[PDB]
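Here's the structure we're looking at; comments come further down.
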Amino acid sequence: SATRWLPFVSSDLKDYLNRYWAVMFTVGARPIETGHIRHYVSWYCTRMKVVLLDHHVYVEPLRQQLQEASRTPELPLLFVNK
Amino acid sequence: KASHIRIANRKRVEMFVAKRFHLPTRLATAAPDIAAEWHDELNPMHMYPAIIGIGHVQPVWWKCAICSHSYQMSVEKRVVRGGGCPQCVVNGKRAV
Amino acid sequence: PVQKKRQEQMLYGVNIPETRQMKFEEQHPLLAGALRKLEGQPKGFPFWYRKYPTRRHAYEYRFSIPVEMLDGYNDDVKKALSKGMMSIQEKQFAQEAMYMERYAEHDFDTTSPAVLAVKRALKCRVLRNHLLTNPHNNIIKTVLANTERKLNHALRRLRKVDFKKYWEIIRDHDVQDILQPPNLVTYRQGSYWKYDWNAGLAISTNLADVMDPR
Amino acid sequence: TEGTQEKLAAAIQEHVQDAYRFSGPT
Amino acid sequence: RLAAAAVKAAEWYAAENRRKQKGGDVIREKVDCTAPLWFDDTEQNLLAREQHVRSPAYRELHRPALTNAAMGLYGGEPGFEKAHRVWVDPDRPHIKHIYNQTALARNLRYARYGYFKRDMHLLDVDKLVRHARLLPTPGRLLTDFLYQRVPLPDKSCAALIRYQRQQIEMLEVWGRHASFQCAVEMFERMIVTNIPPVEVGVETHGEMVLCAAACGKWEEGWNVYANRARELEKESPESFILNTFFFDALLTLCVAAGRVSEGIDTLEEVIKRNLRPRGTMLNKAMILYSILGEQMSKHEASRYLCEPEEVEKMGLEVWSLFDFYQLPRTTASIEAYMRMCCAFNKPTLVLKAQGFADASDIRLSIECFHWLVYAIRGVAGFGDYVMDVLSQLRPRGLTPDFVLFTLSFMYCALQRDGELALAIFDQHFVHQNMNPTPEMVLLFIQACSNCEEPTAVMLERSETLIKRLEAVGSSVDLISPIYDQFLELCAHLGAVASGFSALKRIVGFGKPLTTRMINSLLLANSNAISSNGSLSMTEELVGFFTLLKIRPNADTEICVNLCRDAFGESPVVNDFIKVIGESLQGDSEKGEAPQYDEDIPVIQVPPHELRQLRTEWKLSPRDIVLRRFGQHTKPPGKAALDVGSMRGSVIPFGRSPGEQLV
Amino acid sequence: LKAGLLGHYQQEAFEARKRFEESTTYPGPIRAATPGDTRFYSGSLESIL
Amino acid sequence: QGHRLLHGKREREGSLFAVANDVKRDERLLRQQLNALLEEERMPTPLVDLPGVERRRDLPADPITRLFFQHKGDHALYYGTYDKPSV
Amino acid sequence: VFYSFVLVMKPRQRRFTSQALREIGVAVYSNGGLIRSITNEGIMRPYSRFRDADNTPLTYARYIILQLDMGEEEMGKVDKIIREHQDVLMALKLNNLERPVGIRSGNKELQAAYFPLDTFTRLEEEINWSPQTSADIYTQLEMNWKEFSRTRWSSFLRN
Amino acid sequence: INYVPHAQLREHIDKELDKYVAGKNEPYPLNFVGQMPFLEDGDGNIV
Amino acid sequence: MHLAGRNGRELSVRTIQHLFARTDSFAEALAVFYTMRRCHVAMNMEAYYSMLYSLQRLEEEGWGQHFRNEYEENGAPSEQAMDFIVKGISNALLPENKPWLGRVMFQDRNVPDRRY
RNA sequence: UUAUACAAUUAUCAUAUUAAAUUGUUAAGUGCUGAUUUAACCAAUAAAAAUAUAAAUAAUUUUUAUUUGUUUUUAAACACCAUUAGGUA
Ligand SMILES: [Zn+2]
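Protein chains in written order, with the deposited numbering: chain Fa, 5 to 86; chain Fd, 21 to 116; chain CO, 109 to 322; chain CQ, 203 to 228; chain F7, 10 to 312, 321 to 679; chain DU, 9 to 57; chain CH, 23 to 66, 86 to 128; chain CF, 2 to 160; chain Cd, 148 to 194; chain DO, 142 to 257.
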């Protein structure tokens, strides 16, 4: 409206958490496990931001910070309410 | 918008004026016997009968075909008005 | 942004803050900053800075560079900064500064009516020259139709507030009928001269300097 | 100078059509 | 030699006319009314236009509108309730105010190009170029003319290249090449088409030479197109003849290119062809003779025909060629004649021509006042003539510009009178409220400094002119000669405080001190004995030569010796005089000439090169008012505010003031 | 004419007047010329009698 | 000497027109900051944040309201924090 | 750099390419312009085969970088000379050299906040970086690299 | 900036055309793309 | 100064204010001005204003010495001596009749006032 | 007595909302940038008289969209109606 549409991108994990309610960081090589979380979240009518980490500009900043919040190196991860 | 075509892949012209004027009035297309006498050495390298039209009023170099003489004539005087080699026309007056 | 562009055209260092780092430099340091740092020919302080307080004072070279700055360089650098290498915007700003040299009250003056009238007329000339080579540009038609009305307003107030400069501008550029009524039907009812009353210009003329008011 | 007669014929034919407007239908 | 060639061509044409009339039928000998000694090409086109106007088809087509008594009743009858279609000629209109802005009879939209595309076989392309709206580029106009297959004569090709030439004239100077290439491409399109019938005649070549003159191409106009027209003339005569328009285009090209000999050669070719030239041709010939006279003056000041005295004989006969045929004088003829007489250093002919312009009726064209002041530049005694010429502009409708004031101060500086420049400045320049150029201030202080017996009011006017020049900007760097002449004025007046306070301004602009400024300060200290100055002032002026950089001069030893008188011993000044006496003896032992203080030269440029502060405005108010190029002004949104549309009673606070939506 | 711009014009009518009394210098009292007769009397036309 | 006539409220109030070619540009903040640069701290006395009047006769006649006003020479102009709202 | 061109030319003999470049340079100098630089990049095999005047697809092509300082009308003249050359298959005109790309169409606040001299005074290789160029190479020019790189091969010569 | 003058134009063109030759005791520089082009010999024939 | 112009170092405001304070006469300070102009040294804009203010103050005491040299021999001042008291130097960068020409440039909002 | 006519339709008195956009032949990109893609080089275009109370301070112009004309070895193609080939655009 007052500003031109721009895709949101950031090198920090907490900038994604403070912006969206539900954030999910997936990979393109794991299509099944992201599809089950898409089914569960859309069943409860919740707005969700899916971030495909394949072809991202801040992969290694985000892959490091997801290892600190979750001790497992498992993708996808669901992040609700920071 | 407007569409364009490149004459001999070099000369960008508009498509409507090309089909009416630019394509059928080229030197290598309309008068090939005149364009065969084009001088390759003394003329500039960006000037050749594939892009230069018939009515080019500036004088270009012509290499004569019957005799061996290089001379400067305009392309419109050679095609439209009718031109020839100055050495051949002074040998034609000398012969007959 | 349309005012920041004209401020960059007029004043010299309005882009540079006290931090000496531009808005383009803080995000692109490898493109804006200098790559090599040379310890050689330091030019020092400019003692000739009084002659050029604004960029309209030095239009003989590119980027409003004075001739005192080009001393130690070879002729190729001075030729690449000459008048022949100027862009179209720099040539139009040189044409603007030619009249700004003639009609300004002070050196930082850009809003005098004699300056505003010739600026509107140069803009109308630029838009007409663009419409000559490209008559299918529909935005330039509207901008020319607005700029001609603004030029008429500027010249019509210049006629009342300073008649000598108006008459000089009319005589010098061979436009005598540039202030003419468009329609006879509106002119017969005095609506053309009522602009002199409605704009606040009806008693601008000093009667002792042109006539004998007795 | 030479094409004024055909322009005159077109103008008088237009005036004749405007007079044909008096007849109305058909 | 032009007048002798004119007399020779006139007597040859008279003898040829006499032998032809006595060979044909001896009918002109029976009439014996008159015989024209020349030939006029414009008489055929003017008589053809005058006979086209009086033709019955033109008078039937351009009849006025039929009245209501001529149509019929008061109304109700279809077809006769209005008038009929009215056709107007835009060059000779039989109605005033061809266009209108009414609600129903609005006709400005019907004057645009496209309504005249219905009849292009009958179309006149010069009237189309002059009177139409939203025309395309002339290449697309030629494409639309050749696409409809209409037989273009020479007039149509001349009109299309005239449209391209108007596009060239309206453009900037740095954008002339592309439109000229468009002109060359349209010309070759007109050559090689050959179906529809398109012929290139002498007017088309004249328009191409005019395009080359407008863009400024000598090698493209003279060598290519003029030679092509000459080849087409000599190859097939009696259907391709060079009229006066082609040679006028050639003279325009010779003026715009600076070529002098070719223009006089083509004017002699006009004369030898037994046809009369136009007045603009003689104006261009006088301009070329002015260029030749200025070049000879520059060549003799620097150190075909090396005799300058015969150039005046060949020049003034061009003015004598005006009264030869008929050729009435116009304003540009007066401008070119005064420019030519200023190029030959003859001011009496300029003073005669300025009265001859007021004799019949000629507007006196403020450039003519520039040449009026420039003609009397090196002639003493004409001060009140300059003072009266500046007063003559107000009854003639003119206002003085900066060029005329610089020429007046150039006269005052060359005649070094001083009081005339002050009289000009006090009651002619203060009321203008304009910005002075640095050349103007330079010539003013050159007039006031070099004058005999200057006054302090000249110092006041000079310092206030310097402050007014510093209050505004400039592009030229004349700071150092202006302050040099200001220090010379302080020398001839004796003010050392004003000249010493002016050193801080030379410091503030970064200009270096020279020996002439300190010599002027020493001469001011010699003449300061009533006002100011002491024995320490000459010591400080000695130190100005000593430690800065400045080498003393052979004029310095005169000024310090005059400052030695009536001031004191000052042994440091005596040691400086001994230092000067050693250095001036040693450099003379080396063999050098005695160097005195050089005088700053007075600028004597002609007014056509005097840093004109204007480029060009090619705006025409006719295309602004009639809205050519489709100028669209957006209307305001429902801002009528008319009383007939309102149908509600207006009460304060409205009908229902406070309404709550529940 | 637009009457709402009148009083501001009156301010200019002050400021043009007070400059005129301060800028120029009055040389002296000009002599009084005898006034003529006007041909623009009000009402209807009078007679030659 | 001929002097130019001041036309309009912007030229009669003496606007600087610091921004190039724009006569309708707002000027209150730049003029307020230049007037704040104009004042000086005098030591052998500065101004307060209360409102000011340009003349001593422009003080309010109420003695309690006069305590909230003071006399500033040319710093009494361009007072304020908010601007004129739009849209 | 005021103007730059990437000339794609037909791999002819050396004399023909030298005559073509000489005519281009004399057209630059005859119009009152200056050549900043001209560099040959050898014969490379492009991803698309350009066609000559006689419509034969050329597998190989020669790339030439030409940096000039010419006025606008004269640059138009030289561009119409270059684009209509018989040897030049393709030539792009770099006109985004004084102002960087993304300022005019990008943020409106970051439009008059740039300095044109920063890009005008440097060459085209300092604006458009090649893959071999980096900031380490530019810092190596001012770090007195002659006295530092003399011991860089002290470990490989013994094995 | 090292500009090319009009007199040193043909020599600079012949030096630039001799950048990629077959016989050279020096390593060849990379192009503007970062790729070694095809080497050639005299008269411009591609190796 | 040719060495300082070659090395490209800036002279501070306190440096030039102490440099021109050691000048006694007006002719000596113009030697320092045209030396640093010839040697192309760099400085701040406050260094240039404090330099030209010292050139303004040196001419003022130079004329005050001249007007007292004629006062001691004549016993009474002239009208030109009393006019020097009120007016002073007219052509000056920072004159006393407009005491606001040092507020934007100098960070102290006050001109440096030197005494002897 | 409406001093007011609720919405949506039937119909006439009619300004294209623009720096996110329009145009580019003599300038750009160009196989008609919209298949991928909410993001497209360069050039021209963002503001610029008084007055907001002032009783119309303004203009009578343009078409970016759809059809239809303008020329005939004078679109090779692709698409469409007679059925395999003509024309049409
Ligand atoms: Zn032959």
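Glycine included, every Cβ here is placed at the ideal spot set by N, Cα and C.
Residues are counted here when their Cβ sits less than 9 Å from a Cβ of chain CO; for the region 42-65 of chain CH these are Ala42, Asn43, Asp44, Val45, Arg47, given in chain order. Check the Cα spacing between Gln173 (chain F7) and each of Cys220 (chain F7), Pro325 (chain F7), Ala473 (chain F7): the tightest is with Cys220 (chain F7). Using a 10 angstroms sphere on the CB of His181 (chain DO), the tally of other CB atoms reaches 16 or more, which defines it as buried. A contact between stretches requires three or more CB pairs, one per stretch, nearer than 8 Å, and the region 596-610 of chain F7 fails this requirement with the region 367-378 of chain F7. In the structure shown, the three-state DSSP call for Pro79 (chain Fd) is strand. When only Cα atoms are considered, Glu49 (chain CH) and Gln55 (chain CH) end up about 10 Å apart. Residues of the region 181-200 of chain DO that bring their beta carbon within less than 7 Å of a beta carbon in chain CO comprise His181, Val182, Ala183, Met184, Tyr189, in sequence order. Comparing alpha-carbon positions, the option among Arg185 (chain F7), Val493 (chain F7), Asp128 (chain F7), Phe446 (chain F7) lying closest to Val159 (chain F7) turns out to be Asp128 (chain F7). Measuring C-alpha to C-alpha distances from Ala136 (chain CF) to each of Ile124 (chain CO), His214 (chain CO), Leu139 (chain CO), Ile278 (chain CO) identifies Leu139 (chain CO) as the nearest. For the options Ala92 (chain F7), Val493 (chain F7), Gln648 (chain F7), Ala57 (chain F7), the alpha carbon positioned closest to that of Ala74 (chain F7) is the one of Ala92 (chain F7).
Residues of chain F7 whose Cβ lies closer than 9 Å to the Cβ of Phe174 (chain DO) are, in chain order, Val524. If one requires a minimum length of 4 residues, the alpha helix (DSSP H) runs lying completely within the region 205-281 of chain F7 are 211-224, 236-244, 253-266, 270-281, in chain order.
In the DSSP secondary-structure assignment, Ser94 (chain Fd) is bridged to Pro79 (chain Fd).
If you check the C-beta of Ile86 (chain Fd) against ligand 1, you find a heavy atom less than 7 Å away. For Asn237 (chain CO), the secondary structure class from DSSP, reduced to helix, strand or coil, is helix.
Sequence-ordered contacts of the region 37-65 of chain Fd with chain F7 read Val37, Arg40, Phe41, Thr45 [C-beta pairs closer than 8 Å]. The C-beta separation of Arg98 (chain Fd) from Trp82 (chain Fd) comes to about 7 Å, placing the pair in contact by the 8 Å criterion. Judged by the Cβ position, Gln107 (chain Fd) qualifies as a neighbour of ligand 1 at the 7 Å threshold, a heavy atom of the ligand being closer than this.
Under the 8 Å criterion on CB atoms, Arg34 (chain CH) is classed as non-interfacial with respect to chain CO. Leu70 (chain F7) and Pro102 (chain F7) have their C-alpha atoms roughly 12 Å apart. Nearest in C-alpha terms to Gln129 (chain CO), of all of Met144 (chain CF), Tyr4 (chain CF), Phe116 (chain CF), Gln141 (chain CF), is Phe116 (chain CF). Not one heavy atom of ligand 1 sits closer than 7 Å to the Cβ of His281 (chain CO). Contact of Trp301 (chain CO) with chain DU is not assigned, every C-beta pair being separated by 8 Å or more.
For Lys145 (chain CO), no chain DO residue has a Cβ inside 8 Å of its Cβ, as the nearest lies near 11 Å away. Taking a beta-carbon distance threshold of 8 Å, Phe171 (chain CO) counts as an interface residue toward chain CF. Within the chosen limit of 7 Å, ligand 1 does not reach the beta carbon of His59 (chain Fd) with any heavy atom.
Residues of chain CF with a Cβ closer than 7 Å to the Cβ of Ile86 (chain Fd) do not exist, since the nearest Cβ in that chain sits about 27 Å away. The alpha carbon of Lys228 (chain DO) has as its nearest neighbour, out of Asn148 (chain DO), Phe247 (chain DO), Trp204 (chain DO), the alpha carbon of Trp204 (chain DO). When only Cα atoms are considered, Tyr169 (chain CO) and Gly36 (chain DU) end up about 59 Å apart. For a cut-off of 8 Å, the C-beta gap from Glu126 (chain CF) to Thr134 (chain CF) is around 7 Å, short enough to register as a contact.
Residues of the region 448-460 of chain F7 that bring their beta carbon within less than 9 Å of a beta carbon in chain CH comprise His448, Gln449, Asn450, in sequence order. At a cut-off of 8 Å, the C-beta of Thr228 (chain CQ) has no neighbouring C-beta in chain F7. The three-state reading of DSSP puts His308 (chain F7) in helix, counting H, G and I together. The beta carbon of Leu504 (chain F7) sits closer than 6 Å to those of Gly516, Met534, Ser537, all from its chain and outside the five residues before and after it, given in chain order.
Annotated three-state conformation of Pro73 (chain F7) is coil, per DSSP. By the CB criterion at 8 Å, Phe422 (chain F7) and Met457 (chain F7) fall inside the cutoff.
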